[PDB]
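Asks: Sending over a structure as structure tokens; questions will come in a sec.
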Amino acid sequence: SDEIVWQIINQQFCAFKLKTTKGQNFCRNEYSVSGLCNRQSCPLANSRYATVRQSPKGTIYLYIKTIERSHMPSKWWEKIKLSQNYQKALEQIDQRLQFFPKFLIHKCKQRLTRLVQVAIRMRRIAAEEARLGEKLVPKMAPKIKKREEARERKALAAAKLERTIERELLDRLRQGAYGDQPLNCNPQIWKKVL
Amino acid sequence: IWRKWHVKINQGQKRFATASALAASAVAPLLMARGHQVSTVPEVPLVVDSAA
Amino acid sequence: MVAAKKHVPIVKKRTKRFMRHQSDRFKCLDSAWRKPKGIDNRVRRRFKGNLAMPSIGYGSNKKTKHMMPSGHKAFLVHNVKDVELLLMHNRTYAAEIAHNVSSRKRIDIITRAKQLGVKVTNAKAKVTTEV
Amino acid sequence: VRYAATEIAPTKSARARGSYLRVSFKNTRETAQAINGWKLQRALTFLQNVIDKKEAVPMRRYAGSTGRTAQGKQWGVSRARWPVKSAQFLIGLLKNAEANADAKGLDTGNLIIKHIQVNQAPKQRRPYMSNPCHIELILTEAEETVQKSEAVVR
Amino acid sequence: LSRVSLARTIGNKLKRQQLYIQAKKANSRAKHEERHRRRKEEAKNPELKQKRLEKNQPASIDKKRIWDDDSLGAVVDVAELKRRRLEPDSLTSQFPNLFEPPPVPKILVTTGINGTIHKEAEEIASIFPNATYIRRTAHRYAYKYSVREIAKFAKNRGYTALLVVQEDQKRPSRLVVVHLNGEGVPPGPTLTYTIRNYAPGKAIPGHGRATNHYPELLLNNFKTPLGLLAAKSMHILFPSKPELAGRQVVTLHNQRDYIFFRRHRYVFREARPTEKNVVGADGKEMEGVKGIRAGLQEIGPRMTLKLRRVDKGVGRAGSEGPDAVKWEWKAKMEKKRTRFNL
Amino acid sequence: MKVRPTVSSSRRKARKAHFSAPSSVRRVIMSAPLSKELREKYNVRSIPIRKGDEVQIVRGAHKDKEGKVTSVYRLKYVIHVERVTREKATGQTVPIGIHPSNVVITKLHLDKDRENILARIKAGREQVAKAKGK
RNA sequence: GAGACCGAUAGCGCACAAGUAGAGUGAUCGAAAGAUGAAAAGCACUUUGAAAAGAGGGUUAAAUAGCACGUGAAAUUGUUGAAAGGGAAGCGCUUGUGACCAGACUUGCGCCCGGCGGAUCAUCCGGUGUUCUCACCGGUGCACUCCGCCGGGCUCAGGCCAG
RNA sequence: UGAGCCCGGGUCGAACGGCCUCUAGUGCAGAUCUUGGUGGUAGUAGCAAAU
RNA sequence: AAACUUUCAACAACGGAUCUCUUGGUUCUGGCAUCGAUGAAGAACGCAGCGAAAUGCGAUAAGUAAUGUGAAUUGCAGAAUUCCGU
Ligand SMILES: [Zn+2]
């Protein structure tokens, strides 16, 4: 009933589909080699399937689905650890996915390749971010932004800066902060201070 | 109010569609394609004993 | 080789929009295109000096359709799991964070996008840098 | 990028508002535009002259052909009127802004009308309708340029 | 009608607005009659006017500000604490470089990575004498330098502080002040502010040039221990002895946690006959400055600073110990209208 | 799920019944929790609020504040407890309204009726606990 | 008691003073009109002046939420700024001038040498789950193998436009 | 191509969107269209009626 | 060069569209049968501290008796009115 499942999946409803307007459809199912929804890469509509996944600890595994463990969904996948050496992991795909469709072999090798490449990229980003010491913090919330915009207008009114500067300037003229014969004021106005 | 709200369906067609819905429940990937979190059950019909 | 996938040159037949007839004179007519149905309308009769009409000949190349000037195809993401769908397509597609995604979720999308190697069209919306 | 021209500091500007005033909107617009950008003592003396029929304001946009005289020679216009109520209401708001300047600590001899604006009010629900107006104005000091000192060589 | 909401006790719009208009007309007539009756009573007897003014005073948030009952988070008057002891050691110990005399300052101004605010950063560099602007990145695909690296660079080549002007929407948004200090002591505190309303001197009506003279500093309204840190931090950036021949003044005035920055050019003129004497603080007119005013002309950018973080080293990555951060701004210390961290 | 025909799961009727309730029905709606000591003493979950109950506020901006209930404003579904006051413009302190669901009862004002109320609750709580048990 | 109904120009004429206001001699005809805020905390006080009005000052998370009160479109109007205007404007193709605004390839992998740490490395030992041969823990060490990391050296790779 | 769609900036405060199906009181420039609001005429006619 | 006129932008007006809400309507379904000469349906006049609206009531007049609950009513002026109590 592998084809009958596909006809229901393709043309009625699939909970993993994401239909975009850009001329391609995407599968959200985590056990798919490519993100695209087509007949070759739908794991539900292919009884025999393979997928390469990466663990949180950093290990890359290869997953195998057979027609025999189909009615048992808890035992769908055989999990095989892939080598850290890139060549031995590519070979380990070839021996384990032997006598599979060549689409599955070719896309599992691509999925292995992109996972190793992202991991190297992940370590280069983390090294540069540690050296740069810069993090992206969220900007101000719109409630807080409206709060200090409101209180800045009230503080600018309360500050009365030009009168505050004028009062402080003439205060330092009185106490003699500029000394005898000040360079800030003309002589006949310094005489008016005394 | 005299719009036709209820429609008459043949009992033969109703029993056909129920038997098709029964058979789709025994098909494993159709369960996870409907939206069910079927990743832990050890069999897709999944009979429990009556004593429990 | 850290860029978009190699594509043919992007050629657009027209850049100007197809303005509706007499939308300049009346404020109740929007600029969205409506096909004029009068038997003597000069736009419908295709006289010279008049507004052009949309046709299938203006259609863009299929190898270049839906494609940004950078060569990536727009992909609306809503969370982190939408970004991981572009793990295999980092050179064909670009991540567009939706207008409804909050500030802290944009942080996690931006961080994941850099790790996966996908472009973000809106990477400086509700975020700022801290030293 | 570009930065807009900032507002004059509130320590230098005094505001006064009139909302829902029962004066003709069109007569207020021509009277306010006559006194825009002026000194306050000029504007007050001019408006008392319009009340006393001695001086006239120009009708430019809302110009019903009512008065032509030698009082249009001051403006170069052929249409000049004598809006009595428009001058009375505008005097009361200039004296409000002069009072606001005095309480704030401004120099009442150096106020200028930096900004003045007349907007339409809600129409009074009575077939005949009135045309009331909102009026806002900002009174600022004249700009004071201080002398820069000579640069030091070093 | 100050105790009952008309919207909850009258269920009709057009009756509610008819009653509220009749209330406004009655209360406006009743208020005007009261003040006019109060006026002629105060004219015929001027004593009750003086009694009424010192009992009726307009309320202010500044007079209602909450204090605590000096550790860089304590909202306490350092000035009142000194007087109460007569009836700060903790700040000098934590920050010995800031608080003997500062040397001749030297300032490096940079922007963020790939900045587009070069003209604005050059105006910030023109604010502080002996300041130079160096762009951070030098082309789009070039080497990205960290603030730790630039701090080590300017320390080695004899600079005293580093100013980093972060950007947002091609406008300056954050001012990071890094104190490099001298000799063997490590790079000091990192004070991070936020710029909200930046206006260049070009956009300011009736503006002027700045001369090459050193301006005097007016650090106003700085009372809490955190504010004395911010006052001291701005003081090292400026030279100690101002060249008073050129009348220029850099003003940093704090009004409820907003530090308003202005730059003026004063002149000690006389007073016009229509001008008033300068009524000073405490309500009373000032003494000795009768008939003398100080004219002002804005020559610098208008910008408002608000302190957000004080670090121990150079940024968060650059501050090591358990006290890596010293003060942080959260939005919960502004829940009350009257509490100011200053 | 409702099963009885005499109860309605209608938003229109429920908001109508809540905001148009008479004073006796409004009394039950303005019920308050008992404190943990008071729960373990009388085996009572919640009772309506009186005019003489020492109470502690657990929700809102007046959290962790204790006082005695001064009035039970049943019209606006709110109570006034002692010393939580807010100053008007004139300086006249008006009491701040707290919902009875935002408080917890620290001390009760006991009389003959209140003991009869609390004995009837501990009657039914024990009767079904015995029925559930044995 | 309900709804694959309508959501204030809709739904009964009436969500509210609705058969009310009001019209007609009379029989009859018959509207418009909902939303402050969580809470009135509905702006005390100072100060212009005759008011359904301002300037300060305060309440509130917010008053450009002030009983004209959620959001606040268009028509229409005022001020400021820019450009243009010899008896129509508006519009199509194509430049040009000025103003404002945006920012182009995400900008990388592979070798070599030396050190350091890990393992999927030892026919090393103990344990757990399992699809019963695959995974995952713990302790050993570095003979081999393979990953990283740091410090050098080297290689090629790239986006657009020209000649 | 297009009907349209997505994002940025501001405002704003409580709910909303994509897919596949079902459904309909489902798309406006006209109807001397209906209701509301607002113009030029026009500060013109003229101070008659109404206010 | 201004005024006037046109276009565009920012701010300020006029107006109440859009979004959201609903103590309302509409339609269906179910249990039951109850106006009046013992004076009805309807109309009017009155009754409260401030009652303008609406509601309630009838010179015992925003109500009396009896029963139940158990401590309010409330926009402002109440009482020595009642709190282990008809
Ligand atoms: Zn699929």
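Asks: Report the Cα centroid-to-centroid distance between region F:110-128 and region E:1-17 in angstrom, as an integer.
Replies: When both Cα centres are located, 44 Å separates them.
Asks: In sequence order, what are the phi-derived ³J(HN,Hα) couplings for region F:44-50 according to the Karplus relation 6.51 cos²θ - 1.76 cosθ + 1.60 with θ = phi - 60°, rounded to whole Hz, with x for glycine and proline?
Replies: These are the phi-based 3J(HN,Hα) values: 10, 7, 7, 10, x, 7, 9 Hz.
Asks: Could you give log10 I(q)/I(0) at q = 0.11, 0.16, 0.21 Å⁻¹ for region A:1-87, computed by the Debye formula over C-alpha point scatterers of equal weight, without solvent?
Replies: So the normalised log intensities work out to -0.36, -0.71, -1.06.
Asks: Near D:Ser130, within a Cβ-to-Cβ distance under 9 Å, what is the net charge of the other residues, with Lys and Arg +1 and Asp and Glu -1? Walk me through the numbers on the way to the answer.
Replies: Working: positive: D:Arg22, D:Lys123, D:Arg126; negative: none.
Every neighbour counted, the sum reads +3.
Asks: Here is a further query. Can you give the angle from 0 to 90° between the axis of helix C:103-116 and the longest principal axis of chain C, with both taken from C-alpha atoms, to the nearest 10?
Replies: Orientation of helix C:103-116: about 80 degrees from the principal axis.
Asks: Further, regarding this structure: Determine which residues of region E:284-302 fall in the zone a paramagnetic label at A:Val193 would reach in this model, i.e. backbone nitrogen under 11 Å from the point 7 Å along Cα→Cβ.
Replies: Hits in region E:284-302 for A:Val193 at 11 Å: E:289.
Asks: Relative contact order for chain F: what is it in percent, counting Cα pairs under 8 Å that are at least 6 residues apart?
Replies: In percent, rounded to a whole number, it is 24.
Asks: Normalised radius of gyration for region C:1-112, please: alpha carbon Rg relative to 2.2 N^0.38 Å, two decimal places.
Replies: Cα-based Rg divided by the globular estimate yields 1.55.
Asks: For region C:1-65, which chymotrypsin sites (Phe, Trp or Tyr not before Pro) are both in a DSSP coil and crowded by at most 10 other Cβ atoms within 10 Å?
Replies: Here the chymotrypsin sites (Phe, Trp or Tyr not before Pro) that fit, given the DSSP loop and packing criteria, are C:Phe26, C:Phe47.
Asks: Oh, and also: Which whole-number percent is the relative contact order of region E:104-221 (Cα, under 8 Å, 6+ apart)?
Replies: Result for region E:104-221 is 23 percent.
Asks: Over all directions, the average projected area of the alpha-carbon convex hull for region E:84-241 comes to how many nm²?
Replies: 12.0
Asks: What's the average, rounded to a whole number, of partner chain beta-carbon atoms within 10 Å of each residue's beta-carbon in E:256-267?
Replies: Numbers: counts 7, 4, 8, 0, 6, 1, 6, 0, 6, 5, 7, 8.
Whole-number average of other-chain Cβ neighbours for E:256-267 is 5.
Asks: Go through F:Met30, F:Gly124, F:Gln56 and say which Cα lies farthest out towards the positive end of the charge dipole of chain F; charges sit on Cβ, +1 for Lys and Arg, -1 for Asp and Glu.
Replies: Highest projection toward the positive end goes to F:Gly124.
Asks: Right, something else. Multiplying the sequence separation of A:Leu136 and A:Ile4 by 0.36 nm and subtracting their Cα-Cα distance, what value in nm do you get?
Replies: Additional length available on full extension: 42.6 nm.
Asks: For region E:1-153, what log10 I(q)/I(0) values come out of the Debye formula at q = 0.16, 0.17, 0.19, 0.21 1/Å, with one point per alpha carbon and no solvent?
Replies: Taking Cα atoms of region E:1-153 as identical point scatterers yields -1.13, -1.20, -1.24, -1.24.
Asks: Can you pull the semi-axes for region C:1-52, root of five times each eigenvalue of the Cα gyration tensor, sorted largest first, whole Å?
Replies: On the way: eigenvalues 253, 44, 14 Å².
Semi-axis lengths for region C:1-52 are 36, 15, 8 Å.
Asks: Moving to a separate point now. With Rg and the Kirkwood Rh both taken from Cα atoms, where does Rg over Rh land for chain D?
Replies: Ratio of gyration radius to Kirkwood radius for chain D: 1.09.
Asks: Going by C-beta contacts inside 10 Å, put E:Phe260, A:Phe100 in order with the fewest on the left.
Replies: If I rank by nearby Cβ atoms, fewest first, I get A:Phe100, E:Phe260.
Asks: For region F:1-78, give the magnitude of the charge dipole about the Cα centre (Cβ charges: +1 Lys/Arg, -1 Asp/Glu; no others), in debye to the nearest 20.
Replies: Values: 21 positive and 6 negative charges, 130 e Å.
Around 620 debye, computed over region F:1-78.
Asks: While we're here: Tell me the mean residue ellipticity at 222 nm calculated for the protein assembly as shown from its helices only (DSSP H runs of n ≥ 4, each -39500 (n - 2.57), averaged over every residue, nearest 500).
Replies: -10000 deg cm²/dmol
Asks: Give me the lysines in straight-line cross-link reach of F:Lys16: C-alpha distance below 30 Å, same-chain residues under 8 apart excluded.
Replies: Straight-line reach from F:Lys16, under 30 Å: E:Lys13, E:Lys15, F:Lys2, F:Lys51, F:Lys76.
Asks: Would you mind estimating how fast region E:189-231 diffuses translationally, via Stokes-Einstein at 37 °C and 0.692 mPa s with the Kirkwood radius over Cα pairs, in µm²/s?
Replies: 236
Asks: Which residue, A:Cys14, E:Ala154, A:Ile189, has the largest displacement toward the positive end of the dipole of the protein assembly as shown when charges sit on each Cβ (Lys, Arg +1; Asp, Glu -1)?
Replies: The Cα lying farthest towards the positive end belongs to A:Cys14.
Asks: Give me the dipole magnitude in Debye, nearest 20, for the protein assembly as shown about the Cα centre, with unit charges on the beta carbon: positive for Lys and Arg, negative for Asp and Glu.
Replies: So the dipole magnitude of the protein assembly as shown works out to roughly 6040 debye.
Asks: Over region E:176-253, calculate the relative contact order: mean separation of alpha carbon pairs under 8 Å at least 6 apart, over the residue count, as a percent.
Replies: Value for region E:176-253: 31 percent.
Asks: Can you give the direction-averaged projected area of the convex hull of the alpha-carbon atoms in region E:288-335, in nm²?
Replies: It is 8.0 nm².
Asks: Using Cα atoms only, what is the angle between the long axis of helix B:11-25 and the major principal axis of chain B, expressed in degrees (0 to 90) to the nearest 10?
Replies: Value to nearest ten degrees: 20.
Asks: Let me ask you something else. Only sites in a loop by DSSP and with at most 12 other Cβ atoms within 10 Å count here; which GluC sites (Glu not before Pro) in region E:268-339 make the cut?
Replies: E:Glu287, E:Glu320
Asks: So how far, in whole Å, is the C-alpha centre of region E:113-146 from the one of region F:50-81?
Replies: If we compute the Cα centre of each part, the gap is 59 Å.
Asks: With a 10 Å Cβ neighbour count serving as the proxy for reagent exposure, in which order, fewest first, do A:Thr66, B:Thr40 appear?
Replies: B:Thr40, A:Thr66
Asks: Then there is this: How about C:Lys12: which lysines have a C-alpha closer than 21 Å to its C-alpha, ignoring those fewer than 8 places off in the same chain?
Replies: A:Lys22, C:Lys62, C:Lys63, C:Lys65, C:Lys73
Asks: Using the Kirkwood radius over C-alpha pairs as Rh, can you work out the diffusion coefficient of region F:1-108 via Stokes-Einstein at 37 °C, viscosity 0.692 mPa s, in µm² per second? Walk me through the numbers on the way to the answer.
Replies: Details: Rh = 15.4 Å.
Calculated translational D: 213 µm²/s.
Asks: In the P(r) worked out for region E:65-120, what percent of Cα pairs fall beyond 15 Å? Mind dumping the intermediate values first?
Replies: On the way: 1088 of 1540 pairs.
Tail fraction, whole percent: 71.
Asks: In addition: Taking the Cβ of E:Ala281 as the centre, find all other residues whose Cβ is under 10 Å away and add up their charges (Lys, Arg: +1; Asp, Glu: -1).
Replies: -1
Asks: Report ³J(HN,Hα) in whole Hz for each residue of region E:112-128, in order, from the Karplus equation J = 6.51 cos²θ - 1.76 cosθ + 1.60 where θ = phi - 60°; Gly and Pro get x.
Replies: Going residue by residue, I get x, 6, 6, x, 10, 10, 4, 5, 6, 6, 6, 6, 5, 5, 6, 5, 9 Hz, with x marking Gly and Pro.
Asks: Shifting gears a bit: Using DSSP to call loops (not H, G, I, E or B), can you name the trypsin sites (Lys or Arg not before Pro) in region A:1-67 whose Cβ has at most 10 other Cβ atoms within 10 angstrom? Let's see the in-between values first.
Replies: Details: sites: A:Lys17, A:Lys19, A:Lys22, A:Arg28, A:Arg39, A:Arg48, A:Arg53, A:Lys57, A:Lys65; in loops: A:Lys22, A:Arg28, A:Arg39, A:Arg48, A:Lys57.
Sites meeting the loop and neighbour criteria: A:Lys57.
Asks: Between E:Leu1 and E:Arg39, what FRET efficiency comes out of the Förster formula 1/(1 + (r/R0)^6) with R0 = 25 Å and r the beta carbon distance, rounded to 0.05?
Replies: Efficiency for this residue pair is about 0.45.
Asks: Can you flag which of A:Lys191/E:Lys202; A:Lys160/F:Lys63; E:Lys332/F:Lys63; D:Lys114/E:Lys31; C:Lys16/E:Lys170; E:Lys170/E:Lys223 are past 27 Å Cα-Cα?
Replies: Flagged as over cut-off: A:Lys191/E:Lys202; A:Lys160/F:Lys63; D:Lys114/E:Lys31; C:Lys16/E:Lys170; E:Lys170/E:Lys223.
Asks: Sorted from fewest to most neighbouring beta carbons within 10 Å, what does the list E:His118, E:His207, C:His99 look like?
Replies: On the way: E:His118 12, E:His207 18, C:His99 8.
Going from sparsest to densest Cβ surroundings: C:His99, E:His118, E:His207.
Asks: Quick one: give the max-minus-min coordinate of the C-alpha atoms of the protein assembly as shown along each principal axis, largest first, in Å.
Replies: Ordered largest first, the protein assembly as shown gives principal extents of 108, 91, 88 Å.
Asks: Okay, moving on. Looking only at region D:1-40, which residues have a backbone nitrogen under 15 Å from a spot 7 Å from the Cα of D:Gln124 in the C-beta direction?
Replies: D:19-26
Asks: Rounded to the nearest 0.05, what FRET efficiency is calculated for F:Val7 and F:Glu87 with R0 set to 56 Å and r the Cβ-Cβ distance?
Replies: After rounding, the FRET efficiency stands at 0.80.
Asks: Treat region C:65-105 as a sphere of radius equal to its Kirkwood radius over Cα pairs and apply Stokes-Einstein at 37 °C in a medium of 0.692 mPa s; give the translational diffusion coefficient in µm²/s, rounded to a whole number. Let's see the in-between values first.
Replies: Details: Rh = 10.8 Å.
Roughly 303 µm²/s, to the nearest whole number.
Asks: About the Cα centre, and with charges only on the beta carbon of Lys, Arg (+1) and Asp, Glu (-1), how big is the dipole of chain B? Nearest 20 debye, please.
Replies: Working: 6 positive and 2 negative charges, 130 e Å.
So the dipole magnitude of chain B works out to roughly 620 debye.
Asks: With the alpha-carbon atoms as the only input, what is the per residue convex hull volume for region E:243-294 in Å³?
Replies: Normalising the Cα hull of region E:243-294 by residue number yields 128 Å³.
Asks: Which semi-axis lengths, in whole Å and largest first, follow from the square roots of five times the eigenvalues of the Cα gyration tensor of chain E?
Replies: One finds semi-axes of 46, 27, 24 Å for chain E.
Asks: If you build the convex hull over the alpha carbons only and average its shadow over all orientations, what do you get for region E:192-298? Give it in nm² to one decimal.
Replies: 9.0
Asks: Hey, what's the Kirkwood Rh for region A:63-194 if you take every pair of different alpha carbons, in angstrom?
Replies: 23.7
Asks: Restricting the calculation to Cα positions, tell me the Rg (one decimal) and the Dmax (whole number) of region E:201-261 in Å.
Replies: Gyration radius and largest Cα-Cα distance of region E:201-261: 13.2, 37 Å.
FYI the Cβ positions are ideal-geometry reconstructions off the backbone, even for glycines, and counts take in every protein chain you see. Coordinate-derived values only; no laboratory data.
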